Amino acid sequence: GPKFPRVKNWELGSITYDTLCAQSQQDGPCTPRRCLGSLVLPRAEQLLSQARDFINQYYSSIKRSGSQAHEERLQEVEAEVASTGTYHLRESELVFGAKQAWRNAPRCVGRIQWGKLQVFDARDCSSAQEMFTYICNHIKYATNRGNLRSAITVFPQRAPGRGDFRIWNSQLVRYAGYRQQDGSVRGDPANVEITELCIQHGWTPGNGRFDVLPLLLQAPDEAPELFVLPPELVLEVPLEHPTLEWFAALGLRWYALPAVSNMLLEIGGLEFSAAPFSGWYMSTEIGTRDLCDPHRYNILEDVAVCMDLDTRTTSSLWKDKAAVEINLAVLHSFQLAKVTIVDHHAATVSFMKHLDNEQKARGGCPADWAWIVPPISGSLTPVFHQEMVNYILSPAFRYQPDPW
Amino acid sequence: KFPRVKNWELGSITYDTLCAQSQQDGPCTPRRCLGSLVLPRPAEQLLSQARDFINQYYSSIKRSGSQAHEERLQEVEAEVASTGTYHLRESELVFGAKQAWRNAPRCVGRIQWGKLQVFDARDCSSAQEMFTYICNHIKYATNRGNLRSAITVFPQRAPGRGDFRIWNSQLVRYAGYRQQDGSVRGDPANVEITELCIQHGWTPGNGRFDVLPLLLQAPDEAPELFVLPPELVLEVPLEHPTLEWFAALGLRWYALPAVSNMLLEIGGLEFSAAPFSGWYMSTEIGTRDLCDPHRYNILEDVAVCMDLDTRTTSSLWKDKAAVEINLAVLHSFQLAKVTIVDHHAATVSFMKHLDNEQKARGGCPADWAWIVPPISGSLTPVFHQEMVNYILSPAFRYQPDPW
Ligand code: HEM
Ligand code: HEM
Ligand SMILES: Cc1cc(N)nc(CCc2cncc(CCc3cc(C)cc(N)n3)c2)c1
Ligand SMILES: Cc1cc(N)nc(CCc2cncc(CCc3cc(C)cc(N)n3)c2)c1
Ligand SMILES: C[C@H](O)[C@H](O)[C@H]1CNc2nc(N)[nH]c(=O)c2N1
Ligand SMILES: C[C@H](O)[C@H](O)[C@H]1CNc2nc(N)[nH]c(=O)c2N1
Ligand SMILES: [Zn+2]
């Protein structure tokens, strides 16, 4: 009977109703006529009502809803907008909003960790050199010699008629992709453009499969400046397999720290164009997507040849078998090197726990089924059997187009 | 207006224009996507669905606007106006059936859509006759292992009476027997239907792979029980190409996947019993049927045979055993010479189908969550392909269990 989306788990037969989706103040790309759930990108008074709503969220979370401190903050916000066209978050409001944005992110399977996020405030930053210092500090804290810690650094918000703080790299740590004489790519094909941009801005490039890119950092109304990360700060894990002795001879490696640098963090209508955040990897990200996507490192055939598989027919399941060993290699190598990582089984189990916590706390959890289900062994994980409702809540992270 | 659809592996983009032909709303709204939900919960109407469908039929034979087209629209007007309903010509039924398959967004096997044997069983008046028709279908579709797609269409729904229904969800299914210890012997998905069969007089077996009888219901009658002749149900014992102990697990599956509980809708008419069959994609058996925790749940058994470390998720014992179970399914079907398709072959052919449908109709409705296989998703090309989901008619439609 409840007038809210009914949500079922088909493994366990259990039912919930999502009431949180009523809080959503932003349309996705679906209509009654057609579902667009699988698209990667969907394409004055406004600020105030967004600001008012965020402040209500803040005072709810500290249980001071309706208090005069709440009403005074409301009054203080609209008087700021009244005279400057914008307003500013208090420190504890920023901390709240950043965690809430992570909590609200439908595509993230790691949200059980949402309440544990180090928020570095960098809203004082005023140069690209200073952005560099801030980022190096973030990487150091976040990496913590392999005992990885979730973190976000928040640079100054968009200002009317002032250029943006931007990190040009899509991640803080990524490998170069060098377009070759014969059309092929050495390194990571995903990163051909950013690699070419780094060179155009004066970077002397390497010639390897795994060259850490430098950072391209843009302070307001200036050309971006180039910064090389000192190698001692970028922790990497050489890949070996627990029983296949030859795997180490492949010279494969990956970096410890997954750190998104190109997303817009929106809080109460305010927009933080540079606010890089980092966690730790789920092993499928490296072992399945990064290493096996045809349009990435594409190592599946090489590994299956080493494994002596029949690569000439689909029904030998050579792709499936090779992908499994590569994944096991990612896990074993990170474990050996004492770098935090989580396999897709533990990650999804922990996300089911998170669904249950959020059901109690907020009456639902926005989630993108296609992104939550891992790219190998999907139905072997509990999330495969769990219906999910997807909607946009704010605070939010947002994809933003490349600044070039 | 028209959604951009992108393949992320290849960089190629199409636009879906077919979706403007959808007449029926799905579960999503701009506020929230419900695309992952398995089921979401007069004469003038029927006349326009009928006109539209007849328009589709004559268009498909390139006789659009001809005398036979106009006179067939008149026939339908006249029949509906006098009786509240009408009847399809056999060739139109044939067209409608193929098109309902074509339009099925959860089906990865649609490259085959133009090749479907259609049995007209609309002259059925008893559970007995239904049983005979079902037996011909099975024998025909099975064809000693060289499987052939088929559908049998029983009499349509009528305003003045109950439905023809097949109580079973599939024609061939294994029994599930609830035990004293609250565990299940056989297939846990079929405990309820096994219990109905027993209640309607079936003497039950006691194995893990006991083929269920059929419960067939003619209008307003109690369902009747019919045992499938064991020589008609082709089965495949499962063994592994290199792991010799696998055969000892005594595992087996049936050759013929035949859905018997869906409703076929054509030109506004509803066929409540219209069982259809193709051939298996190996992951349905290897991954879902055998490995789902609420199914035969054999993963831990196999992984232990393979001597894997089960104590820890990080050894990827589940992933290892799942692949070997799938391989055993493929090998066993190929050895027994029964048609089967692996998920790589199937999804590659589906990509081709998307390309064909783009040229033919300017799109293809597809449910990404159902099209992407349950193991090795991103290792298939469909993972990287955006898809657009919507309801076209003719259609297969889910219907609730008759009891
Ligand atoms: C703590 C360990 C974490 C794990 C294991 C984790 C896991 C994941 C995974 C597997 C994805 C899908 C990525 C892909 O397929 O490319 C993802 C996406 C995402 N994660 Fe988490 N995450 C973690 C921490 C964080 C943190 C600290 C934040 C932000 C504060 C975050 C926010 C996001 C966002 C916004 C996305 C969507 C990215 C996009 O749309 O490109 N995650 N995460
Ligand atoms: C010829 C070989 C065929 C293959 C390889 C194939 C493959 C598949 C697969 C893998 C699924 C999803 C099954 C699941 O996860 O439960 C499916 C669903 C479906 N198939 Fe096909 N199929 C074939 C033939 C047919 C035929 C002949 C029809 C009807 C004439 C058909 C209509 C459907 C429908 C309506 C669904 C959705 C069923 C539901 O919602 O329960 N398929 N198919
Ligand atoms: C077109 C486009 C849209 C979009 N929303 N995201 C992307 C990039 C997706 C993407 C690719 N590689 C890496 C990531 C980061 C994933 C990531 C982030 C964090 C914080 C932890 C963790 N385990 N994993 C994200 C591209
Ligand atoms: C609650 C519910 C809803 C729904 N739409 N379908 C189902 C059953 C789905 C289902 C389960 N087992 C088996 C099948 C048959 C799938 C199937 C059908 C055909 C014709 C060929 C082929 N290779 N595979 C379908 C259940
Ligand atoms: C087309 C499809 O939406 C796209 O390939 C998605 C599918 N699911 C995904 N899921 C995750 N976690 N990451 C991705 O990059 C993708 N890609
Ligand atoms: C909740 C989720 O939608 C459900 O488990 C779906 C996912 N994808 C599927 N895909 C196929 N082919 N068959 C299924 O039964 C399912 N189950
Ligand atoms: Zn949707």
Side-chain angles (χ1 to χ4, degrees), chain A residues 7-11 36-41 106-109 282 284-285 288-290 293 296 344 368-375 378-379 382-388, chain B residues 5-9 34-39 97-113 115-118 141 147-153 169-170 257-259 261-264 274-285 287-289 292 339-343 345-347 349-350 366-374 377-378 380-387 394-398:
Chain A
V7 181
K8 173 158 172 178
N9 180 293
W10 287 85
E11 176 189 345
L36 257 22
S38 76
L39 305 211
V40 175
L41 299 181
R107 284 172 171 176
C108 179
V109 77
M282 181 169 77
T284 57
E285 294 176 86
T288 309
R289 307 297 319 282
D290 292 334
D293 275 0
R296 297 293 297 288
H344 48 296
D368 191 333
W369 190 93
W371 279 64
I372 296 290
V373 172
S379 74
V383 290
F384 181 96
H385 308 279
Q386 179 57 64
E387 290 177 346
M388 293 176 199
Chain B
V5 192
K6 165 148 167 183
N7 182 292
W8 284 86
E9 160 194 354
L34 255 22
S36 75
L37 288 246
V38 170
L39 34 100
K98 287 167 180 169
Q99 216 62 20
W101 182 11
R102 192 187 191 174
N103 294 330
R106 293 172 168 183
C107 181
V108 71
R110 285 181 277 166
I111 193 89
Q112 285 297 144
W113 77 264
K115 191 181 186 175
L116 182 68
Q117 189 65 32
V118 180
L147 279 45
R148 291 183 283 194
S149 302
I151 188 182
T152 296
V153 186
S169 69
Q170 301 173 45
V259 177
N261 66 169
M262 293 195 83
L263 176 149
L264 165 68
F276 57 90
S277 61
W279 55 77
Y280 267 119
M281 179 166 81
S282 54
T283 51
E284 298 176 78
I285 303 168
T287 310
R288 305 301 313 290
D289 292 336
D292 272 4
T339 312
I340 194 154
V341 67
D342 69 70
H343 52 288
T347 57
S349 86
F350 189 70
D367 186 333
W368 189 96
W370 277 63
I371 297 305
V372 172
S378 80
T380 68
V382 294
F383 184 93
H384 311 273
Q385 177 59 65
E386 291 175 353
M387 298 173 193
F396 295 105
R397 219 186 286 306
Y398 182 80

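When reading the values below, keep in mind they use all heavy atoms of this one structure, side chains included, and skip hydrogens, waters and symmetry mates. Both ligands and their constituent atoms are indexed starting at 1 by order of listing. In what follows, chains are A, B, ... by sequence order, proteins preceding strands, each numbered from 1.
Closest non-hydrogen pair, A/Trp369 versus B/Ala369, comes out as CZ3-CB, 3.5 Å. Residue A/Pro382 comes nearest to A/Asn9 through the heavy atom pair O-ND2, 4.4 Å, listed as atom of the first residue, atom of the second, then distance.
Which parts of ligand 6 touch A/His385 is read off a 4.0 Å heavy-atom cut-off, strictly below it: atoms 1 (C), 5 (O).
B/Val382 places a side-chain heavy atom less than 4.5 Å from the side chain of B/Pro373. Put simply, the side chain of B/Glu386 reaches to within 4.5 Å of the side chain of A/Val40, judged on heavy atoms. Taking 4.5 Å as the limit, some side-chain heavy atom of B/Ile151 sits within range of a side-chain heavy atom of B/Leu264.
On a distance-only criterion, A/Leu39 and ligand 5 share no N/O pair closer than 3.5 Å. Geometrically, ligand 6 and B/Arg288 share a nitrogen or oxygen pair separated by less than 3.5 Å. Ligand 2 has no N or O atom lying under 3.5 Å from any N or O atom of B/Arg106, backbone or side chain.
Considering only non-hydrogen protein atoms, atom 1 (C) of ligand 6 sits nearest to A/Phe384 O, 3.6 Å. For atom 3 (C) of ligand 2, the closest heavy atom belonging to the protein is B/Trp279 O, 3.6 Å. Looking at atom 38 (C) of ligand 2, its nearest protein heavy atom turns out to be B/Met262 SD, 3.8 Å. Nearest protein heavy-atom neighbour of atom 3 (O) of ligand 5: A/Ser38 O, 2.6 Å. Here the heavy atom of the protein found nearest to atom 21 (Fe) of ligand 2 is B/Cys107 SG, 2.4 Å. The protein heavy-atom contact nearest to atom 13 (C) of ligand 2 is B/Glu284 OE1, 3.8 Å. For atom 29 (C) of ligand 2, the nearest non-hydrogen atom of the protein is B/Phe276 CD1, 3.1 Å. Ranking protein heavy atoms by distance to atom 8 (N) of ligand 5, first place goes to A/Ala370 O, 3.0 Å. The protein non-hydrogen atom at the shortest distance from atom 1 (C) of ligand 2 is B/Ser149 OG, 3.4 Å. Remark: minimum distance from atom 12 (N) of ligand 5 to any protein heavy atom is reached at A/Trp371 O, 3.0 Å. Shortest contact from atom 7 (C) of ligand 5 to any protein heavy atom: B/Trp368 CZ2, 3.5 Å.
Summarising the contacts of atom 16 (O) of ligand 2 with B/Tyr398, B/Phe350, B/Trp370, the nearest heavy atom is found in B/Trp370. Nearest-residue assignment for atom 10 (C) of ligand 2 (options B/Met281, B/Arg110, B/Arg148, B/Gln117; heavy-atom criterion): B/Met281. Of the options B/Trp113, B/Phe396, B/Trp101, the smallest heavy-atom separation from atom 25 (C) of ligand 2 is shown by B/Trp101.
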Could you walk me through whether B/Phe350 and B/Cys107 pass the side chain to side chain contact (heavy atoms under 4.5 Å, CB included) check?
CA-CA 9 Å; B/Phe350 189 70; B/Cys107 181; over 6 Å; no

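Using a 4.0 Å cutoff on heavy atoms, B/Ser277 counts as a contact of ligand 2.
Between the CG atom in B/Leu147 and the OH atom in B/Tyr280 there is a gap of 10.5 Å [rounded to 0.5 Å].
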